[PDB]
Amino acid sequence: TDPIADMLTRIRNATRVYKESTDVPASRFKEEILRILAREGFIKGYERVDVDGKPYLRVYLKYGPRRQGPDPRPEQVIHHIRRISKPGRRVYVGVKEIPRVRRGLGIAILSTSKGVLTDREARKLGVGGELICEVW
């Protein structure tokens, strides 16, 4: 199972059908990836939610401006969200090797020794780690 891929699919799929929110099973590691998506503007925010004893994390999805002429659909904010490292085929990179995602117009989340950081943060703290996902 890859929980993290399963969260990111649950998120991308809820935006594709313009939902206000989506609940993924709670975890500290998922909570910190949500903590970065929220600070960087890809989601509105999240909130812990216990539904009949089980912990969930309720993600509040964000949508951008109305489209340029009578088309009701908002412009999306998460255009591409995707796993890199994973179950069976892991990807690690060191401080010198952190890629600039989509020419600087995208962010990559890394799990590093100093915690879950964006590639721009990682580089600054001088850490490398596991490339969890890329998003723009």
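Start at 1 with the first residue shown and count on from there.
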{"property": "Average Cα temperature factor in the PDB entry - higher stretch of 22-30, 68-76", "result": "68-76"}
{"property": "Greater mean Cα temperature factor according to the PDB record, 86-94 or 55-63", "result": "86-94"}
{"property": "From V17, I11, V116, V127, residue of greatest CA B-factor", "result": "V127"}
{"property": "Chain thirds of CA B-factor: placement of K44", "result": "lowest"}
{"property": "Chain-wide C-alpha B factor ranking for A108, given as lowest, middle or highest third", "result": "middle"}
